[PDB]
Amino acid sequence: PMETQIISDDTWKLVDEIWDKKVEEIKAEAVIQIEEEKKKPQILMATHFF
Amino acid sequence: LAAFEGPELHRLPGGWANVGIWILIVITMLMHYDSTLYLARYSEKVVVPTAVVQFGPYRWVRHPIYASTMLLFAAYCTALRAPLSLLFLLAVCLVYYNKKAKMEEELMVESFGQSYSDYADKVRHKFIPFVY
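Its PDB record attributes the structure to cryo-EM, giving the resolution as 3.3 Å.

Digging into the overall build of chain A
On a plain count of helices and strands, chain A comes out with 1 helix and 0 strands. In terms of principal-axis extent, the alpha carbons of chain A reach across some 80 × 25 × 10 Å. Per element, the accessible surface of chain A, about 5600 Å² overall, is 65% carbon and sulfur. Between the averaged position of the 7 positive side-chain charges in chain A and that of its 12 negative side-chain charges there is a distance of 12 Å.

Remarks on the side chain of B:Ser68
Residues and elements named next belong to chain B. Relative to the assigned elements, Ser 68 resides in helix 3 (residues 64–79). From its side chain, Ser 68 meets the backbone oxygen of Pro 64 in a polar contact 2.2 Å long. Setting aside residues no more than four positions away along its own chain, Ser 68 makes contact with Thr 28, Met 31 and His 32.

So, unusual backbone geometry
Residue and element names in this part refer to chain B. The phi angle at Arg 81 is positive, at roughly 65 degrees, despite the residue not being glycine. Note on placement: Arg 81 falls in the loop between helix 3 and helix 4 (83–112). Owing to a relative accessible area of 33%, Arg 81 belongs among the partly exposed residues under this scheme. With a phi close to 40 degrees, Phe 130 is a non-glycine residue in the positive phi region. One can find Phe 130 in the segment after helix 5 (114–122).

Examining the nonpolar core
Residue and element names in this part refer to chain B. If you look at the biggest cluster of nonpolar residues, it comprises 14 residues, and the most contacted ones within it are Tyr 58, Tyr 66, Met 70, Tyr 97, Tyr 116, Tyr 119 and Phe 127. Every element with two or more residues in this core is listed here: helix 3, helix 4 and helix 5. The biggest single contributor to this core is helix 4, with 4 residues. The contact partners of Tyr 116, leaving out residues within four places of it in the chain, are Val 52, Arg 62, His 63, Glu 105, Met 108 and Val 109.

Examining the state of the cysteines
Residue and element names in this part refer to chain B. Evaluation of the coordinates by the stated rule reveals 0 disulfides over all chains. Looking at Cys 77, it has no disulfide partner, and the nearest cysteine sulfur is the one in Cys 93, 9.9 Å off. Look at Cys 93 and you get buried, because its relative accessible area is 9%.

Thoughts on the interface of chain A and chain B
Facing the 5 residues of chain A at the interface are 10 residues of chain B. Between chain A and chain B lies a buried interface of about 530 Å² when both sides are counted; carbon and sulfur atoms form 56% of it. On the chain A side of the contact with chain B, A:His48, A:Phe49 and A:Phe50 bury the most area, a combined 76% of that side's loss. Taken together, the links from chain A to chain B amount to 0 salt bridges. Counting every contact that joins chain A to chain B gives 2 residue pairs in polar contact. Classifying every residue of the side of chain A that touches chain B by side-chain character gives 3 nonpolar, 2 polar and no charged.

Cut-off values and rules
Residues numbered from 1 in each chain as written, not as in the entry; some residues may be left out. Chains lettered and ligands numbered in written order. Part of a larger assembly, values for the part shown. Heavy atoms only, no water. Helix = DSSP H or I, 4+ residues; strand = E, 2+ residues; numbered from the N terminus. Areas by Shrake-Rupley, 256 points an atom, 1.4 Å probe, with all protein chains shown as cover. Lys, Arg positive; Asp, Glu negative; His and termini not counted. Charge placed at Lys NZ, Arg CZ, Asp CG, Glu CD. Polar contact = N/O pair within 3.5 Å; in protein donor to acceptor, adjacent residues only side chain to side chain. Contact = heavy atoms within 4.5 Å. Buried < 20%, exposed > 50% of the residue type's maximum accessible area, 1.4 Å probe, protein only. Core = buried A, V, L, I, M, F, W, Y, C linked by side-chain atoms within 4.5 Å. Disulfide = S-S within 2.5 Å. Buried area = accessible area lost by both parts, 1.4 Å probe. Salt bridge = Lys/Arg side-chain N within 4 Å of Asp/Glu carboxyl O. Nonpolar A, V, L, I, M, F, W, Y, C, P; charged D, E, K, R; others polar.

This is the structure in structure tokens:
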């Protein structure tokens, strides 16, 4: 063999960071995806006049 | 107080003396609509202005929405021809609107820097044209 090591051990840490970030975002968004309580129109926005 | 101090209902005149409330109501509706449109055409959210509004009634007065509400107050009070209640209405609305205008003015002075400062230097009169 003539082949010594290649691209890095640092960009592997970068792609591992990206993988972990996306994995945690998916894990979080799979649990707290739906919490809807109410949607009342603010047809009396008091800061405009009062 | 305008209702009570005002005279009895059917004795107020007509003809050419009831054109003043017409034109004053038209003016206050026009000026309020212009103020609200010029305030809302720039803001992204409900009240989040991006630039400084210095067009329409804003180039006559620093707070035209409040002065238009003031003017329709005066319009109701003048339709029944009662000056003292108009004056007391003016006093209380001046006090509260001036307080709220002072907080909002210092907020946009802090937030916008020199822009609202030069805008206020261009037009000083806060509520009434060259009276307040």
